[PDB]
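Two forms, one chain: they're shown below as C-alpha cells, one block per form, named structure 1 and structure 2.
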Structure 1
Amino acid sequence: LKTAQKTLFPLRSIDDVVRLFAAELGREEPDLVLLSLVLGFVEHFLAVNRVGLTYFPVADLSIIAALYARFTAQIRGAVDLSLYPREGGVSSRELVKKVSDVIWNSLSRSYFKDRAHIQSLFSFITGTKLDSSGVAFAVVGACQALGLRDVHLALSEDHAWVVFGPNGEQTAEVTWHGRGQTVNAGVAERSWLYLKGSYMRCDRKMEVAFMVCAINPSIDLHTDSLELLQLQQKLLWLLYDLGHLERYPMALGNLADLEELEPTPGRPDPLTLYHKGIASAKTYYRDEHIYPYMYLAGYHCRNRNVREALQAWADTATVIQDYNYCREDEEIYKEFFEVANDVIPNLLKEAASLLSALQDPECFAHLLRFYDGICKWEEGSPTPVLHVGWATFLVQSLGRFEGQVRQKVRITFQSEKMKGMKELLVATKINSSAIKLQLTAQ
C-alpha cells in the first residue's frame, strides 16, 4: 500500500469506505485486491459473524495491510515471472493459465461452492473458499498484483472468465459453471451463457462495479444487513456519478432496486434507472441481455402496472428468441418458467378478481409476443423448452381475455409454433386441446 491509501484508514463508517472507493477510482489502476478485501471484511462482520443497533465494523490499517500482503505475496510467491517472457505489455495464455492454477490449487477441495459470502478475496485469504465468479475475479486481482495490466474480467449474465492480450481479444475459461479454453464455442453455439459475444469486457472501473454488485447483504432467509444495503447503494451512486455504470446494465438494475427500497432525494427515480440499464444493453451489448427487461418487469409487477409488466416480459422474450437453449442456460430457463407459469397467471387472476388489463388488447398482444419469443428460443435449440406444464398456463392465461379483446389482435409471429395456431388464439372459443398439442409439439 502507498501513503496515499494508508491515510484513508481506519475505515470507521460507510462514508470512509465510499472515500476509499472514490480515491481508488480516481487512479488509472484502482487497487482491486485492496477494495475486495475491504468489502469482504465489512460483509464478514455484518452478514457472516454479526453481534437494537446498526453498526460498522472498523477496518484498521493493521488488519487490511496484513490481508493485502497475504494475497499479493502468495501470488508473487507462486508465480515466477522470469519464466514468462511478456513481450509488448501483453500476457501469454500460459501465464494466465498459471495464475488460474495458483488460485484453483489454493482453494479447499470441498465446501458449499454455492454458499453466500464466499465471493471476496477476504473469503479466499481467511477461508480458502471462493464461489464461481469469485475465482475469475481473484485471477484478475492476482494478475493486477503481478502487474499484468491487460488481464480483465469478462462476464455474461451468469458466468465469468478473463480476456487478455493486445486488444482484450483473447479469452480464457478460469472457473466452473453450475479451463484455459477460449469461449469461442460458447459464442458459436448461441447459448445465453456466452450472450453470442455481447458479454461485458470490463476495464478496472467496471471490475470495481462488479465487486460492488457482489456485496451480499443476506444474513439469513428472513433478514438483510441494512448497513450492507446502504453501503452497496452509496458505492453504486459513486460509480454512477463518475460514469462507471454507463456500460454496466445489471448495476443500474441493482441501483434501481435499491432506490425502490429507500429512495435517495434529489436522485433519478427507479423507472429512469431501469431504462438507463436497457439503454446501456442496446447501446453497448447489441440488445442481447435479458436482465435489464426482467428488472423493469419485476418493478412494474411489484407496483401492479400489469400492461407495463407484460410489455417488459415480452421484451425479455424478444431478446431470448435469437438464442438456442443449451444445458448451462438453466438460470434463465427458470426465470422464464417462473414468469409464464406463476407470475403472469397470478397477475391475470388478480386482475380478473378486481374485474383493467384484461379488457386491453395491448396486454393480450404482449402475452402473445412473450410466448412467440419462447417458441422461437426453442427453435434450433439442442433441448426442448416447452413441455405440458407450459401448455396449461398458456390456455389458462389466454382465457383471461374475452373473444372481443383477443379478436382483432395481430402481431408478428417469429415462431413456427405460434404461426401454426394464430387462428386458435383469436377464435371466440379457445380450443384448449389443440393449443396445448401445438405448443408441446416437438
Structure 2
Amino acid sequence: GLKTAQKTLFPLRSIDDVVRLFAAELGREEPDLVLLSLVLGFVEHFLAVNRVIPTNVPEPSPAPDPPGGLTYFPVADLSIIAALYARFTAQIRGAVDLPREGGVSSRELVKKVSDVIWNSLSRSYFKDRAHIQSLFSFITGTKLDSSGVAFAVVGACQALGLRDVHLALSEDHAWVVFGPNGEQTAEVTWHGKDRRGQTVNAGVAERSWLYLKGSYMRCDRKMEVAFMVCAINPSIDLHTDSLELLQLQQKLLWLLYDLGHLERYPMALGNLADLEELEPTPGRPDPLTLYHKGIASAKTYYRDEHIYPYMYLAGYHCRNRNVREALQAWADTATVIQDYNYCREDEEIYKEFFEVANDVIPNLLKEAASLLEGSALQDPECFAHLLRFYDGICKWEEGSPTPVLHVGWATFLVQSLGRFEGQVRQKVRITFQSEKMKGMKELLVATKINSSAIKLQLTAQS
C-alpha cells in the first residue's frame, strides 16, 4: 500500500523524477526499500537489459539520423510499479507468520524471511550475471545475485515492519544484523563462485578479508538506499555502458552525499569520485577530494581496515600519470592487507592485487620509462614504495592457509625491479616485515638482478 505522497510523484518520466522520488523517500524516517529498488530495476531493465534503440553513432541538409545518437528514458507508470509492488508485498506478507516485544526480531524469524526469499529463486541460473540485483529482478525473473539476496531479505523485513533487521556489508559480501543494537548476525546468501543460518563469528575470528575482522558496515536505512544506488549496473555489454544509468547513479550519489548518507560509506565515495573523473559536475569537489574522503571515512569508522579506499586513489593517480603518488597508495594498500590472513573466499581482493602487481604497476613503470628515454624511476622513494607493496603481500601470505605468490608474480617483480637502475636501487635502506622479503633484501638492490634467485625466493612456501 503506497501512501498518497508516494503516489503523487508518478509517472516518473525523467532521471530527475527518480531523484525527486529518492529525495522524497530519504526524508521519511524509513524510506521504502522495495519501491525504490523496483524503480531502479525497471529503469535499468529497459535501459540495459532490453536496449530499445542501438547505441552506435553514425560516421547542407540535416542528417537522416540523429548524428550523435540517442539517449532515452522508459516512463515508469504508477500502474506498473504499483502492480509489481503489490506482487512482492502480497508474496512476503502471506508467507511469514507474524510478538517481537522489544521491537527486536528473533533469529528464527529472520531465518524464515530469509527462507522465503531463498526458496523463491530459480534453481539454476548464472549467479554472476548483470542486472539481477534488484527487487525488479526478484519479482519478474525470480533471480538475484549474491548480495541481491541479502538486500531482498532486508526489504522484506521492512515490509513486515522489522525495523531492527539491517544490511551488513563487507567489501565483497553481505548478510544481516539484528537485535537490540545490531549485535546478532545471520548469513542469508552464498558467497563465491553457502553458510546460511550461521553467524559470521567464525569469519571475523578467521581474520579473513571477507569479514574485515569485524570492521564491516552496519547499514541504517539510509545507507541501504546508498547500496542499491551503488548496485545500479549501467553495462549494456562489456564494451558499452548506458549513459543514462551512469548519469542516474551519479546524480543519486550526489543527492545521498548532500544529505550526509555517504559519510560512513567509503566505497560509495570512491564510486562517486570515479564517476566524477569521467563527467565532472561544476561546483563539486574534484575526484581527489572524494578519494581522500573515502580513506578518511575508512580510518574514522572502520579503523583503517578497508582495502578499496587506497586502490580507488591509486587507480586515479595511475591513470593521471602520477607515478610517485600511485606507488605510494599501492604501498599503503599492501600495508592494510598485511594484517589479514589470506583465506578461502578472499579471491576477489587477490584478483585485484594480482592485476596491480602483474599488469598495472608494470604498465605504469613502462609509461614512466618512455618519458625517461624529475622522473619516478630515478627516485629511490619510488623503488622503496614498490618494495613496500611486495613486502605487504608477502606478510599477508605469511602464516595464511592459502598461498599467494606464484611463479608468474616473480616474473613481473623481476621486470619492475629492472625499471630502476642499480644506482637508484642501491640508495635505499629499508626494514622489511615479511620473512620472504628479508630473505632477499640484498638481492633486490644488487647491481645485477638475479632473476632465478628472486624467482626461487618469491615462490618459497609461506
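For the two forms, the rigid core is made up of the largest set of C-alpha atoms that agree within 1.5 Å on superposition. All residue numbers here refer to structure 1's sequence, counted from 1.
The Cα shift for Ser13 between the two structures, taken after rigid core superposition, is smaller than 2 angstroms. Once both forms are fitted on their rigid core, the CA atom of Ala23 lies less than 2 Å apart between the two structures. Once the rigid core is matched between the two structures, the CA atom of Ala281 is found 0.5 Å away. Relative displacement of the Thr428 Cα between the two structures on rigid core alignment is 2.7 Å.
Taking the core as the reference frame, the CA atom of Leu394 shifts 1.3 angstrom between the two structures.
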